[PDB]
Amino acid sequence: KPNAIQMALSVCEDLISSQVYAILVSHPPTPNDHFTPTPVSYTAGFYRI
Amino acid sequence: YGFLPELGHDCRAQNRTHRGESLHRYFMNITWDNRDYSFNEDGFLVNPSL
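The deposited coordinates, according to the entry record, derive from cryo-EM at 3.38 Å resolution.

Encoded structure:
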């Protein structure tokens, strides 16, 4: 998602609700540094995903 | 400042992180209960009472 805090809630609602064993992330097309990887690594790391 | 400079605290509207740097400098001289609660730049106490 374009915004930040909505990305964090969207990860657990859609991904870990399907019993995922690992998550793949990629840099966003826009040239903004460390935007996508921080919300994912803080929610998946809660469960050691 | 003499007033309350509220920032864009709305979480579901926008995002702002540049103004957060000028926030630590206010928390260097906090004292209470005859004890020192001064925070260093990193975030934790510097001279606690262990």
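Read on for the rest.
1. Comments concerning unusual backbone geometry
All names here are of chain A. Phi is positive for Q19, close to 60°, though the residue is something other than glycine. Along the chain, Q19 falls in the loop between α1 (5-14) and α2 (37-43). The class for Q19 is exposed, based on a relative accessible area of 64%. Phi is positive for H34, which is not a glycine, with a value near 45°. The topology assignment puts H34 in the loop between α1 and α2.

2. As for the packing of aromatic side chains
Enumeration over the complete set of coordinates arrives at two aromatic pairs over all chains. Seen from their ring centres, A:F46 and A:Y47 are 5.5 Å apart, and the 85° between their planes marks the pair as edge-to-face. As far as burial versus exposure is concerned, A:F46 and A:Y47 are alike and both exposed. Between B:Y1 and B:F3, the ring centres sit 5.4 Å apart and the planes meet at 25°, which makes this aromatic pair stacked. Across the pair, B:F3 and B:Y1 agree in class, each one exposed.

What counts as what
Residues numbered from 1 in each chain as written, not as in the entry; some residues may be left out. Chains lettered and ligands numbered in written order. Part of a larger assembly, values for the part shown. Heavy atoms only, no water. Helix = DSSP H or I, 4+ residues; strand = E, 2+ residues; numbered from the N terminus. Buried < 20%, exposed > 50% of the residue type's maximum accessible area, 1.4 Å probe, protein only. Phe/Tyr/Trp six-rings, centres within 6.5 Å; stacked < 30°, edge-to-face > 60°.

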